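Given as structure tokens, the chain that follows is alone and in the form deposited in one PDB entry.
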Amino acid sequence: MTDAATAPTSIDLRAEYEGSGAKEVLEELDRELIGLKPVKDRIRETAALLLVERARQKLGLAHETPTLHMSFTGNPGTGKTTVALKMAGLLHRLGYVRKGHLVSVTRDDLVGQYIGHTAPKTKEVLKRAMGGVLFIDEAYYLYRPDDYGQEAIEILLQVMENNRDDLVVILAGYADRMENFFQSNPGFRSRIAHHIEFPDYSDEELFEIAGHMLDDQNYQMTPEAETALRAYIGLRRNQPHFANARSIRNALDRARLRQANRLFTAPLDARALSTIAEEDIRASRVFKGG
């Protein structure tokens, strides 16, 4: 009876990081996410673990696969899906998951209407998702004890413990709703390896964004419109279902529509056409509360 190890004695982490194409994925994430340090930094921290646990496996110290599903909580427009894209990428380059693909999904894709229809629907989605990552947006809507989503949850749960080298799940949505979900459904908390919290952009950053949005479309703002917009951002951001940069485009979109109707209703040069007056923003229902 003998026992011999046939695994490298040492491993350079920086060498693996670089050569596994792991480094680059994080760099892509840098390019593909308009400055959101806290989350980018959080992902790096996650990436160091994935890299170490890979290194441990290569030295022959691994016992099972690490648990490596995760939960992205936050407001819309905060970078979740595009991070999940990168998470799929990084997990692929680190050989944690077979094929680097992401399968984005919502309640409807898993929960059928007529009785019995749920089980094969989830399973089929799961099949397409094996090899890569399954991203379930607002996963908490599966559980509505108010529709047999209960079964999707169970097939989902079973899968998450059992066969780990096939699939990775990233649950996503608002934090409070996700927390209640976890409260109402034990067993997920055990399985989730990582909670990544996605914060909003600052008033300053959203104003930056709005600024660029206008410039591209050659649109100038009056100072009273600059005031109004700032006010707007401040109010909108504490109102339900805040969609960061998206709800800024929508707001500017709505201001662009009002501005167009204002003029047309009242000959005009390029300045009069490209200018957005205070009324166009102030006319929003964000100021009246709604």
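Sequential numbering from 1, following the sequence displayed.
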property: Continuity check for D146 and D147, given as deposited residues lacking coordinates between them; result: 1 to 3
property: Deposited-sequence gap flanked by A266 and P267; result: 1 to 3
property: Mean C-alpha temperature factor, higher of 33-41 and 46-54; result: 33-41
property: Mean C-alpha B-factor comparison - 234-242 and 23-31, higher one; result: 23-31
property: Among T81, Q158, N75, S71 - the residue whose C-alpha B-factor is largest in the record; result: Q158
property: Third assignment of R189 from its chain's C-alpha B-factors; result: highest
property: Ranked against its chain, the third holding the CA B-factor of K99; result: middle
property: Third of the chain, ranked by Cα B-factor, where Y140 sits; result: highest
property: Where the record places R128 (Cα B-factor, split into thirds across the chain); result: middle
property: Within-chain third of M213 by Cα B-factor, per the entry; result: middle
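Keep in mind the form deposited in another entry is missing from the figure; the text below concerns it.
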property: Where one rigid part turns on another between the shown form and the other one: hinge among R107, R256, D200, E53; result: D200
